[PDB]
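Below: one structure, written as structure tokens.
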Amino acid sequence: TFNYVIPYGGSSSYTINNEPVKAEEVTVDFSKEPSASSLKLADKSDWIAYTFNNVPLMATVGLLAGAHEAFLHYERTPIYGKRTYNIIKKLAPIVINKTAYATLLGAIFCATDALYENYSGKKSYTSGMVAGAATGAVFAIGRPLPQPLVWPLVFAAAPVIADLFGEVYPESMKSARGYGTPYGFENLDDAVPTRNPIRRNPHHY
Amino acid sequence: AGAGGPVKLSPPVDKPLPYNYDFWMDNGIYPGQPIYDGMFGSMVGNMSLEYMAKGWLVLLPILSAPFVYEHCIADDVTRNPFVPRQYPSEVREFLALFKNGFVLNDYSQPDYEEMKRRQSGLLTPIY
Amino acid sequence: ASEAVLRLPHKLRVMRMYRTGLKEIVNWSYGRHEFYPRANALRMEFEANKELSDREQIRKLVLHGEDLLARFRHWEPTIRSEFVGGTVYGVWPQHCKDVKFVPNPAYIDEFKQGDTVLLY
Amino acid sequence: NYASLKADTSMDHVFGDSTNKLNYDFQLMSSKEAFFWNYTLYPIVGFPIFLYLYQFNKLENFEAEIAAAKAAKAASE
Amino acid sequence: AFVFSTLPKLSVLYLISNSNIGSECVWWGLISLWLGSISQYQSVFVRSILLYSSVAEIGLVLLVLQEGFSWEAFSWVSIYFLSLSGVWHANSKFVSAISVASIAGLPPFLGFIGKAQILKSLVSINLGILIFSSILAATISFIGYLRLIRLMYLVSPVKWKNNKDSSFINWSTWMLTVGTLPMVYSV
Amino acid sequence: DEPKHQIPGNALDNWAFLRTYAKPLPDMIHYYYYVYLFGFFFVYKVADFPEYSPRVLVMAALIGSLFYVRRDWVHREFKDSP
Amino acid sequence: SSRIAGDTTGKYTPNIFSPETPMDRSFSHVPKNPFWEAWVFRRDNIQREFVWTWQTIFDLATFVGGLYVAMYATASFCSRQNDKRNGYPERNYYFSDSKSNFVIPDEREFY
Amino acid sequence: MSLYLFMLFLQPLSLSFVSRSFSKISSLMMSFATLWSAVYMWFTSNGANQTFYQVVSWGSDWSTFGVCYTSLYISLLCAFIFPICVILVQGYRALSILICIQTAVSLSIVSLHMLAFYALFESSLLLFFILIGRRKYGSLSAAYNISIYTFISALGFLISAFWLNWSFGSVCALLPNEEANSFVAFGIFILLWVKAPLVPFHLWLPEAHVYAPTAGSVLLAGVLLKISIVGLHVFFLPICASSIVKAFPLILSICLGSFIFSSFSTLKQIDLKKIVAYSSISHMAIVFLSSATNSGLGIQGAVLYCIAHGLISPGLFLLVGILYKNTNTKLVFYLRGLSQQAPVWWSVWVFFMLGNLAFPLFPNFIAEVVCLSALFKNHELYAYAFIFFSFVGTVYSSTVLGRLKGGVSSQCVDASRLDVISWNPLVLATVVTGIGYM
Ligand SMILES: CCCCCCCCCCCCCCCCCC(=O)OC[C@H](COP(=O)([O-])OCC(O)COP(=O)([O-])OC[C@@H](COC(=O)CCCCCCCCCCCCCCCCC)OC(=O)CCCCCCCCCCCCCCCCC)OC(=O)CCCCCCCCCCCCCCCCC
Ligand SMILES: CCCCCCCCCCCCCCCCCC(=O)OC[C@H](COP(=O)([O-])OCC(O)COP(=O)([O-])OC[C@@H](COC(=O)CCCCCCCCCCCCCCCCC)OC(=O)CCCCCCCCCCCCCCCCC)OC(=O)CCCCCCCCCCCCCCCCC
Ligand SMILES: CCCCCCCCCCCCCCCCCC(=O)OC[C@H](COP(=O)([O-])OCC(O)COP(=O)([O-])OC[C@@H](COC(=O)CCCCCCCCCCCCCCCCC)OC(=O)CCCCCCCCCCCCCCCCC)OC(=O)CCCCCCCCCCCCCCCCC
Ligand SMILES: CCCCCCCCCCCCCCCCCC(=O)O[C@@H](COC(=O)CCCCCCCCCCCCCCC)COP(=O)(O)OCC[N+](C)(C)C
Ligand SMILES: CCCCCCCCCCCCCCCCCCCC(=O)O[C@H](COC(=O)CCCCCCCCCCCCCC)COP(=O)(O)OCCN
Ligand SMILES: CCCCCCCCCCCCCCCCCCCC(=O)O[C@H](COC(=O)CCCCCCCCCCCCCC)COP(=O)(O)OCCN
Ligand SMILES: CCCCCCCCCCCCCCCCCCCC(=O)O[C@H](COC(=O)CCCCCCCCCCCCCC)COP(=O)(O)OCCN
């Protein structure tokens, strides 16, 4: 409007609908659909199955962290001097404990997420928040004062961030095209494509 | 002499200042004062808040006794020995419109119920 | 009783109690005519117990008189206007000399007045 | 450089000594007391809010009761 | 270091774009973006700040190039070359400041156009995680570039060698300033 | 003289704590070799990993960030003992 | 011991070598106080004495969060009343879960 | 319009060719010429053209410039207030930085392209880092704060602009586009959230103002805060109205909370500049809420209040700067007896403080009345909340005035001829707007 007399923006009729018009005459899709593996892992029906399918990721991350710390300890120890102690006995707890703690935290998160979703019966943000909060509570069992408040918050926030930018964002902005005519405005006289642009072939790596 | 009277100057600060020193108002003359008198330090007349509350507790019933009778115990019919001022129909109808009017308490009138409901009007605008 | 009063010796404490009681007699009175009988009554009250030597009884008397003088503190002390706590105290305070006045302020390096950005 | 920290004792005889100090500890209200007084005073401040809530609730309840009775009268008849 | 941190990249980007060498995985660019930004912020030495900036940016560029945006990577590499030339061949404080600003992506300089091409490409693919990471990592990188600006004009008197060999350096600074308006069509 | 921030701790105790970083420093090539090797094998393996939910991925990233130990931290605390 | 720096006629010169102190802008500066300066420093740098204690958390949550909650609840009530007043269908607000798509009233439509 | 833009481009250009000794005189003459060109732009703006008074394009969508009601008022305010900043600043380096900042800001207001808007407003990012972080009187902390807050908000705005340019195909305001996306609305909103200080993103402002030079503080409060309202009216409400209506309870919560917390924080301040900075933060909340109502009464009220603030805050910052030059202190505790010692400074200070409290003969009163009317149009409680809490501003202002008004002082610290000359235009403008020539 760019005036001071009437409200800015506009209004669209709710009664009047515009019949959908295809973006192009022929649509070629270079985006592959989700794999059967993805759907299997995503299935939260059985909490135990869901947990056991998704823990490998947490275990791997714990193993990488433990390997990192163990290597740092091993690198410093001197080869030239003989050591009374056994290095593996010193280093094995590091890796084992890190992997176990990571797996336990990821198990708690996955279990609570599946159990809440089943009990509630709906896929919602709350399920992620309560799983994160429970994981952060387990993380901060014996930590000083600030940490009990901070970790349940950071952990609860992480599934919120994942849901907003991993699931809601793409579905929200699926229609936008970028070529031909703007999604909403097809009356405007813009070049109309016979086929959609294919910027890349479907990936295979 | 109103002008030129002697004054005592407040001593310069010579010790670490308290964090909440902004509660003290000092212009440089000797008797500095709190931001709000009675917030701290000497209290006027040596009377605490508890003393004032006990006084108000003793006083409040005696002061409220006249008002509670007429407003609550008494009723329109029994409040006064006469009816509200009688007006011609054209004048009376207009006067009855005013919510803050004095003609709404005429029990003798056949429109008493409506007038009473008008007097106890809306708390806030409906729209 | 305040700490400063408490630290005082016995003699100074009783002198202070008499002084404060006389001032409070003045504050609660409606005229100078009332003051004279009340002040004579206060004098007689102190004179009556002056010869007491029992320390415990003296302490009891002092403490009670201090509680009475604390409760009967006036909301409005009668203070001379020119003294601290007075209406005309500080109304137009006398200015001290040695005031630092900068003459012709705008004409000192008039062209280059302003803030500079120094850089490294 | 800095101002002198030495006081002036010229008027000490006339207006009294500065020996007596304030007894305040310069600390604020307790947290428990503050919670009570904030949650008491703020509702008093927001008196219009409660009047609007009261009237709106009364209106909505009346309207719902009217609808219920209307339904009842429109069912049999 | 300057010639071998810019020139080699063009060949690899051309190979990737022309030979369809792209993967569905976004972890590697996301990692490069975050690691580079955090390491740039925690690095005391100025050479490490400049080296980690290239890691972060080339991670983002890798993510953009996998999705088919060849034109934007070829324009980015050219702007990045011109931006890096003046910071690396430091002789004048002003040239170095304009270079750091262009690497940072400030709008009056050509560096803004180069960053804009990548960011514009990112919004088309519509991946939320990448956009969020990009914003936060860019802020962290900006703190490192502010550190560089602080070191030159706000920390201590600076004296540098009089290496008066600015072959293309004056031209590069001019091309950075002036080039924004001609290349505005791209973004 | 100007007001300055109070430094917690005694001067000699803080300096002693700072001196625990002055230890034989390994070369970074040893760490880099292993990271390059395992990273190459990891990239090859990653193509075969199952597709994970975004929420699980983000949680794994959080756990990894929390469990990551800075190289300086191990360096300061490393003791050649059982 | 003092001299007038400013010259109205415009023939102003700074006598940097004058034995007598110039009455320049620096003449009127107020003398600082060692204790006041330290108070100013302490007041500005009050983040150093911040400590996370249950009392601090309680006070913060009760006043800041409490006000924010009260304000949100009031705004939601006012929006609900306005929607009822205007006759508009329940609007789809961000956190409200409404099975209605109404957001902006149609200017052409008569409500 | 073309004359204004040309004068704007000439002002930075002139410095390159000046003698380095005539810099201040040339800069002042250029500032006055830019003001006169702005008056010419006002003369050549016909009210008959209701939508945009004038639009000029120089070959591309980026070079599309135009003036509307908001743009016209803000541009005139910037041109009116710049001469004061110029005279207050000394040195070629300082002049160069200030003139570049002004050119970038003044070009941003008239820009009609989101990407061009971003290019022009954020160009003055390093210049503020350098200005606020100057060698002796600056703070690096404040510079880092302002720079990081600006970069993060403007980057979010840039991402939203890129999506709008990809989806619609253009990002020019003159092309009617509507979006219901909440991510894009949030991206555009975050810039407005930070630039116009709103709790909890207001921390950058007070630090910057305290450690900025008086010319910088005057420019910042006078017009830099207003750049948010141009972005709202020109780049947010046309496209993202649906999201402002969807989030109105949240917007109202955040704006009222900003107003309350900022007012309470102003009570704990001992530095005059911090007091003026927190007053600005409190005042910005009403403008933001009024514009978000998307009503005629609100948009006009917000712009009017912005002009009133852009006339009252520079005055207070100027008087504070003059006092600091005279005394080298900003602590209210050290400053006493200012009534007796500076009767002329005190009169203007009291007048400006009365203006800040929105008294009837000041522009703030009319502006506040209009903004409150817009809030009352939305809901009665909305207006009541804002009206009630206004007393907190009175408490802090009264306490400050009382501390400054009386006491014992041995220093005559009054304004010189130069200081009165600098505030006279601001006083006259305040009076004229107060009498109803808004
Ligand atoms: C005079 C006429 C010039 C007008 C047009 C030019 C075309 C005719 C060439 C005529 C020569 C003039 C040179 C100008 C352009 C150079 C191109 C070129 O030459 O080859 C192109 C031409 C054919 O290729 P093409 O036209 O590109 O099209 C092929 C396909 O379309 C595939 O190619 P494609 O990549 O172009 O595909 C289209 C592309 C779309 O691509 C485009 O749109 C390109 C945009 C143009 C940008 C221009 C900047 C590029 C920088 C290079 C500067 C030129 C250097 C000159 C080098 C050669 C000198 C002769 O779509 C894409 O998405 C691909 C991405 C492309 C890259 C992205 C563009 C961004 C570039 C970076 C910009 C960032 C800004 C940085 C700074 C900017 C500041 C302002 O080749 C020839 O004609 C023969 C080459 C012969 C050259 C030398 C031989 C003569 C001498 C022989 C013996 C030499 C020894 C003796 C020495 C004698 C002197 C001592
Ligand atoms: C047997 C050989 C031993 C190695 C074992 C394995 C060998 C490698 C095999 C395969 C390697 C490929 C994959 C490994 C990770 C990729 C990184 C890499 O390889 O670079 C080379 C790297 C050395 O490169 P460099 O350039 O020489 O060192 C640069 C640093 O400055 C180094 O200097 P610095 O360490 O002294 O400084 C560390 C600095 C460096 O900074 C970083 O680490 C940046 C990384 C941040 C995130 C990375 C991207 C995340 C995306 C992951 C993508 C997958 C998920 C998809 C979606 C997720 C969306 C984010 O970070 C810190 O300051 C410590 C904090 C840790 C992260 C900071 C973020 C905290 C956020 C949490 C918030 C909670 C706080 C709230 C309360 C706060 C109160 C106010 O080598 C390794 O570190 C490998 C060790 C493997 C341990 C990784 C632990 C988990 C791995 C996956 C989790 C993903 C997060 C990454 C966390 C830490 C990774 C460094
Ligand atoms: C045809 C008929 C003829 C009619 C004339 C028509 C011709 C049209 C234009 C011709 C005019 C000459 C152009 C001037 C070139 C040199 C200017 C310069 O060096 O600046 C400082 C210089 C002062 O020199 P100095 O005091 O003797 O000492 C400097 C020493 O060399 C070193 O001193 P330092 O080491 O102590 O450094 C301290 C530094 C503190 O450190 C910093 O702050 C560094 C910050 C990094 C850059 C600042 C970032 C923000 C700058 C925003 C741009 C300002 C305009 C804002 C408008 C928004 C535009 C999107 O502070 C400064 O240097 C000044 C602060 C503000 C100036 C920054 C603006 C300059 C931007 C780039 C300059 C152009 C160089 C190109 C090089 C060409 C070949 C080498 O010139 C000035 O008087 C102020 C700047 C004038 C700006 C106009 C230049 C145009 C740039 C705007 C970009 C728009 C695109 C270009 C199109 C222009 C029209 C086609
Ligand atoms: C549409 C254009 C925009 C797109 C940009 C890309 C296209 C480029 C278009 C213009 C390119 C201009 C490149 C500018 C280079 C600047 C010139 C230069 O570097 O000269 C050097 C050259 O230095 C040398 O090493 C000379 C060696 C070779 C000389 C030139 C080689 C010429 C070969 C033929 C080139 C013709 C092209 C062939 C057919 C296209 C001299 O500098 P120094 O003496 O080393 O130090 C300077 C000292 N100081 C400035 C401080 C005083
Ligand atoms: C940058 C965003 C990160 C959030 C920052 C918040 C502050 C961090 C503190 C950590 C707290 C953990 C994160 C909580 C934020 C979510 C908001 C809570 C609201 C809420 O509980 O409603 C849920 C939906 O909200 C939602 O989950 C979607 C709301 C989106 C979050 C807010 C977006 C804007 C915030 C940005 C403010 C400033 C940015 C700076 C960080 C339930 O929904 P439901 O569907 O489950 O219904 C229930 C049917 N069972
Ligand atoms: C960790 C962070 C937080 C931890 C601590 C938080 C503790 C705060 C909890 C209480 C805070 C105040 C209470 C407000 C929320 C009460 C419960 C919310 C549910 C609700 O909306 O009920 C409405 C409350 O009344 C209302 O509409 C609001 C009444 C109270 C507002 C006025 C009180 C103070 C006034 C001060 C000014 C603030 C507002 C200024 C505009 C009335 O129910 P409904 O009819 O709307 O039905 C709507 C369907 N539930
Ligand atoms: C917790 C209180 C919220 C704090 C914000 C207070 C006031 C902000 C209002 C700004 C006005 C316009 C912004 C539009 C929405 C922003 C926040 C609205 C509240 C919100 O989070 O709603 C969510 C949807 O919004 C979204 O999905 C987007 C959320 C924002 C994204 C965060 C960062 C995005 C940055 C992207 C940069 C540019 C990207 C451009 C491509 C979920 O609500 P729901 O509808 O699902 O209800 C389910 C509950 N049961």
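The chains in the structure tokens are called A, B, ... from first to last as shown; in each chain the residues are counted from 1, and the ligands are counted from 1 in the order shown.
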Checklist entry - Contacts of region 2-18 of chain G at 7 Å or less, counting only C-alpha atoms, minus same-chain residues fewer than 4 places along, as a list in words? => result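 Result of the neighbour search: residues 103, 104, 105, 107 and 108 of chain C; 22, 23 and 24 of chain G.
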Next on the checklist: as a PyMOL selection string, please: every protein or nucleic acid residue near ligand 2 (cut-off 7 Å, counting only C-alpha atoms and all ligand atoms).
Outcome noted: (chain A and resi 61+64-65+67-68+71+150+154) or (chain E and resi 27+30-31+34-35+38-39+129) or (chain F and resi 31+34-36+38-39+42+54+57-58+60-62+64-72)
Item to check | Near-ligand residues for ligand 5, threshold 7 Å, only C-alpha atoms and all ligand atoms, as a list in words | outcome: residues 122, 124, 125, 126, 127, 129, 153, 154, 156, 157, 160 and 161 of chain A; 95 of chain G
Item to check | Site check for ligand 6: residues at most 7 Å away, only C-alpha atoms and all ligand atoms, as a list in words | outcome: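 Counting only C-alpha atoms and all ligand atoms, the residues within 7 Å of ligand 6 come out as residues 42, 43, 45, 46, 49, 50, 53 and 57 of chain D; 61, 62, 65, 66, 67, 69, 70, 71, 73, 74, 75, 76 and 77 of chain G; 381, 382 and 385 of chain H.
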Same residues, N, CA and C atoms, saved as an mmCIF file, in the first residue's frame:
data_model
loop_
_atom_site.group_PDB
_atom_site.id
_atom_site.type_symbol
_atom_site.label_atom_id
_atom_site.label_comp_id
_atom_site.auth_asym_id
_atom_site.auth_seq_id
_atom_site.Cartn_x
_atom_site.Cartn_y
_atom_site.Cartn_z
ATOM 1 N N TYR D 42 0.734 -6.650 41.257
ATOM 2 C CA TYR D 42 0.478 -6.673 39.816
ATOM 3 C C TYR D 42 -0.976 -6.991 39.488
ATOM 4 N N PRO D 43 -1.632 -7.976 40.117
ATOM 5 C CA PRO D 43 -3.072 -8.143 39.870
ATOM 6 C C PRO D 43 -3.885 -6.905 40.203
ATOM 7 N N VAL D 45 -2.847 -3.870 39.918
ATOM 8 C CA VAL D 45 -2.586 -2.978 38.791
ATOM 9 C C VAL D 45 -3.440 -3.362 37.593
ATOM 10 N N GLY D 46 -3.542 -4.656 37.311
ATOM 11 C CA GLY D 46 -4.347 -5.120 36.203
ATOM 12 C C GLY D 46 -5.792 -5.362 36.577
ATOM 13 N N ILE D 49 -8.174 -5.979 33.463
ATOM 14 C CA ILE D 49 -8.061 -7.304 32.861
ATOM 15 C C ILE D 49 -9.047 -8.258 33.519
ATOM 16 N N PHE D 50 -9.147 -8.201 34.848
ATOM 17 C CA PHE D 50 -10.016 -9.124 35.563
ATOM 18 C C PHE D 50 -11.478 -8.775 35.334
ATOM 19 N N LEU D 53 -12.264 -10.176 31.945
ATOM 20 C CA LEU D 53 -12.347 -11.630 31.985
ATOM 21 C C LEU D 53 -13.655 -12.063 32.628
ATOM 22 N N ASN D 57 -16.536 -14.105 30.609
ATOM 23 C CA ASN D 57 -16.919 -15.431 31.071
ATOM 24 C C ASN D 57 -18.422 -15.489 31.303
ATOM 25 N N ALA G 61 12.711 -16.476 37.111
ATOM 26 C CA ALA G 61 11.560 -17.142 36.516
ATOM 27 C C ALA G 61 10.263 -16.471 36.946
ATOM 28 N N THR G 62 10.164 -16.111 38.228
ATOM 29 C CA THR G 62 8.922 -15.576 38.780
ATOM 30 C C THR G 62 8.611 -14.204 38.212
ATOM 31 N N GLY G 65 9.691 -14.583 33.525
ATOM 32 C CA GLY G 65 8.797 -15.550 32.923
ATOM 33 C C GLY G 65 7.362 -15.311 33.340
ATOM 34 N N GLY G 66 7.151 -14.965 34.610
ATOM 35 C CA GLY G 66 5.795 -14.747 35.081
ATOM 36 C C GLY G 66 5.118 -13.613 34.338
ATOM 37 N N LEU G 67 5.840 -12.505 34.129
ATOM 38 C CA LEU G 67 5.275 -11.401 33.369
ATOM 39 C C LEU G 67 5.021 -11.820 31.929
ATOM 40 N N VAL G 69 4.352 -14.772 30.727
ATOM 41 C CA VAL G 69 3.199 -15.667 30.694
ATOM 42 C C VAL G 69 1.912 -14.870 30.857
ATOM 43 N N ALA G 70 1.896 -13.932 31.806
ATOM 44 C CA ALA G 70 0.692 -13.141 32.040
ATOM 45 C C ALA G 70 0.351 -12.340 30.793
ATOM 46 N N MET G 71 1.371 -11.765 30.162
ATOM 47 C CA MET G 71 1.192 -10.937 28.979
ATOM 48 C C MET G 71 0.683 -11.762 27.806
ATOM 49 N N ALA G 73 -1.030 -14.581 28.046
ATOM 50 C CA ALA G 73 -2.389 -15.011 28.357
ATOM 51 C C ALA G 73 -3.376 -13.877 28.121
ATOM 52 N N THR G 74 -3.008 -12.658 28.525
ATOM 53 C CA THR G 74 -3.879 -11.513 28.296
ATOM 54 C C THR G 74 -4.053 -11.258 26.807
ATOM 55 N N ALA G 75 -2.962 -11.318 26.038
ATOM 56 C CA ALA G 75 -3.069 -11.047 24.610
ATOM 57 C C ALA G 75 -3.946 -12.090 23.931
ATOM 58 N N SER G 76 -3.808 -13.356 24.339
ATOM 59 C CA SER G 76 -4.639 -14.415 23.778
ATOM 60 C C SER G 76 -6.106 -14.192 24.113
ATOM 61 N N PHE G 77 -6.392 -13.769 25.348
ATOM 62 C CA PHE G 77 -7.776 -13.490 25.715
ATOM 63 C C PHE G 77 -8.330 -12.349 24.873
ATOM 64 N N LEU H 381 -7.413 -3.208 26.568
ATOM 65 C CA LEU H 381 -6.379 -3.644 27.498
ATOM 66 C C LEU H 381 -4.999 -3.326 26.945
ATOM 67 N N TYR H 382 -4.833 -3.451 25.626
ATOM 68 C CA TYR H 382 -3.543 -3.165 25.012
ATOM 69 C C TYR H 382 -3.133 -1.735 25.320
ATOM 70 N N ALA H 385 -2.396 -1.181 29.250
ATOM 71 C CA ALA H 385 -1.101 -1.683 29.701
ATOM 72 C C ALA H 385 -0.005 -0.653 29.462
#
With a cut-off of 9 Å, could you pull out the residues of chain B touching chain G and give me the nearest pair of atoms for each, distance in Å to one decimal, using only C-alpha atoms, ordered by chain and ascending number, as a tab-separated table?
residue	atom	partner	partner_atom	distance
B:12	CA	G:33	CA	8.6
B:13	CA	G:35	CA	6.9
B:14	CA	G:35	CA	6.9
B:15	CA	G:35	CA	6.7
B:16	CA	G:35	CA	5.8
B:17	CA	G:39	CA	6.1
B:18	CA	G:39	CA	7.9
B:19	CA	G:43	CA	7.1
B:21	CA	G:39	CA	9.0
B:126	CA	G:85	CA	7.8
B:127	CA	G:85	CA	5.9
Go ahead and dump the residues you just picked, C-alpha atoms, as a compact mmCIF listing (two decimals), in the first residue's frame.
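Output (part_19.txt):
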# COMPACT_ATOMS: atom_id res chain seq x y z
CA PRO B 12 33.56 13.27 51.25
CA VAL B 13 33.19 9.51 50.81
CA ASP B 14 36.20 7.80 52.40
CA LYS B 15 35.30 4.08 52.45
CA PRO B 16 34.24 1.53 49.81
CA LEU B 17 30.72 2.30 48.69
CA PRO B 18 27.85 -0.20 49.06
CA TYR B 19 26.43 -1.59 45.84
CA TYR B 21 24.33 3.44 47.37
CA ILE B 126 -19.47 -5.69 25.16
CA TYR B 127 -18.07 -4.47 21.82
So that I can check the surroundings of region 190-201 of chain H, please list as a compact mmCIF listing (two decimals) with N, CA, C and O atoms, in the first residue's frame every protein, DNA and RNA residue that reaches within 8 Å of it, counting only C-alpha atoms and ignoring chain neighbours fewer than 6 positions away.
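Heads up, here's the output in out_26.txt:
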# COMPACT_ATOMS: atom_id res chain seq x y z
N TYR H 149 25.56 -8.32 16.26
CA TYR H 149 24.10 -8.28 16.25
C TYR H 149 23.59 -7.86 14.87
O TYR H 149 22.67 -8.49 14.31
N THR H 150 24.25 -6.87 14.27
CA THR H 150 23.84 -6.41 12.95
C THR H 150 24.08 -7.49 11.91
O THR H 150 23.23 -7.73 11.05
N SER H 153 21.45 -10.39 12.22
CA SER H 153 20.10 -10.03 11.83
C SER H 153 20.02 -9.77 10.33
O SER H 153 19.09 -10.23 9.65
N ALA H 154 21.01 -9.06 9.79
CA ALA H 154 20.98 -8.73 8.38
C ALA H 154 21.19 -9.97 7.53
O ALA H 154 20.66 -10.04 6.42
N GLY H 156 20.06 -12.96 8.31
CA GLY H 156 18.74 -13.58 8.25
C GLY H 156 17.82 -12.87 7.26
O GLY H 156 17.11 -13.52 6.46
N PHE H 157 17.86 -11.54 7.27
CA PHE H 157 17.06 -10.76 6.32
C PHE H 157 17.49 -11.07 4.89
O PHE H 157 16.65 -11.15 3.98
N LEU H 225 17.80 4.01 14.44
CA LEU H 225 16.74 3.19 15.01
C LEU H 225 15.51 3.22 14.12
O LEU H 225 14.73 2.26 14.09
N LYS H 226 15.32 4.33 13.40
CA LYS H 226 14.15 4.50 12.54
C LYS H 226 14.20 3.59 11.32
O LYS H 226 13.15 3.27 10.75
N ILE H 227 15.40 3.19 10.90
CA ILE H 227 15.55 2.36 9.70
C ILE H 227 14.74 1.08 9.83
O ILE H 227 14.38 0.47 8.82
N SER H 228 14.41 0.68 11.06
CA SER H 228 13.55 -0.48 11.26
C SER H 228 12.13 -0.20 10.76
O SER H 228 11.50 -1.07 10.16
N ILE H 229 11.63 1.01 10.99
CA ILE H 229 10.25 1.31 10.60
C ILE H 229 10.12 1.40 9.09
O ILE H 229 9.08 1.03 8.52
N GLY H 231 11.89 -0.51 7.04
CA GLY H 231 11.86 -1.90 6.63
C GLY H 231 10.53 -2.56 6.91
O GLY H 231 10.04 -3.36 6.10
N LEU H 232 9.91 -2.24 8.05
CA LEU H 232 8.59 -2.76 8.37
C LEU H 232 7.53 -2.29 7.37
O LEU H 232 6.82 -3.11 6.77
N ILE H 254 6.14 -9.56 23.38
CA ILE H 254 7.54 -9.16 23.30
C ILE H 254 7.69 -7.64 23.37
O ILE H 254 8.57 -7.12 24.05
N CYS H 255 6.80 -6.90 22.69
CA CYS H 255 6.87 -5.44 22.72
C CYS H 255 6.56 -4.87 24.11
O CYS H 255 7.28 -4.00 24.60
N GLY H 257 6.83 -6.50 26.97
CA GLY H 257 7.91 -6.90 27.85
C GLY H 257 9.13 -6.03 27.66
O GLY H 257 9.82 -5.69 28.62
N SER H 258 9.43 -5.67 26.41
CA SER H 258 10.54 -4.77 26.14
C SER H 258 10.30 -3.44 26.83
O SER H 258 11.19 -2.91 27.51
N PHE H 261 10.63 -4.08 30.84
CA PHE H 261 11.96 -4.40 31.32
C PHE H 261 12.91 -3.24 31.06
O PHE H 261 13.78 -2.95 31.89
N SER H 262 12.80 -2.60 29.90
CA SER H 262 13.66 -1.46 29.61
C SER H 262 13.40 -0.32 30.59
O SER H 262 14.34 0.33 31.06
N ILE H 281 15.01 2.69 24.01
CA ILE H 281 14.56 1.31 23.86
C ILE H 281 13.11 1.18 24.29
O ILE H 281 12.31 0.48 23.66
N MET H 284 10.80 2.72 21.60
CA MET H 284 10.69 1.98 20.34
C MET H 284 9.56 0.95 20.37
O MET H 284 9.01 0.60 19.31
N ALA H 285 9.21 0.46 21.56
CA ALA H 285 8.20 -0.59 21.69
C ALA H 285 6.83 -0.12 21.22
O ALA H 285 6.11 -0.87 20.54
Next on the checklist: Between CA of residue 44 (chain A) and CA of residue 118 (chain A), what distance in Å does the model show, to one decimal?
Outcome noted: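 Answer for the CA of residue 44 (chain A) to CA of residue 118 (chain A) separation: 7.9 Å.
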Item to check | Close residues, residue 5 (chain B) itself excluded, 9 Å, only C-alpha atoms, min 6 positions apart in chain, as a PyMOL selection string | outcome: chain C and resi 82+88-94
For the selection just defined, write its residues with C-alpha atoms to a file, as a short mmCIF file (atom, residue, chain, number, x, y, z; two decimals), in the first residue's frame.
data_model
loop_
_atom_site.label_atom_id
_atom_site.label_comp_id
_atom_site.auth_asym_id
_atom_site.auth_seq_id
_atom_site.Cartn_x
_atom_site.Cartn_y
_atom_site.Cartn_z
CA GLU C 82 17.85 27.77 60.54
CA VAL C 88 15.01 27.52 55.98
CA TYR C 89 18.08 25.26 56.23
CA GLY C 90 19.59 25.19 52.75
CA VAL C 91 17.04 27.48 51.08
CA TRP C 92 19.75 29.70 49.58
CA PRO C 93 23.07 28.30 50.80
CA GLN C 94 25.96 30.73 50.90
#
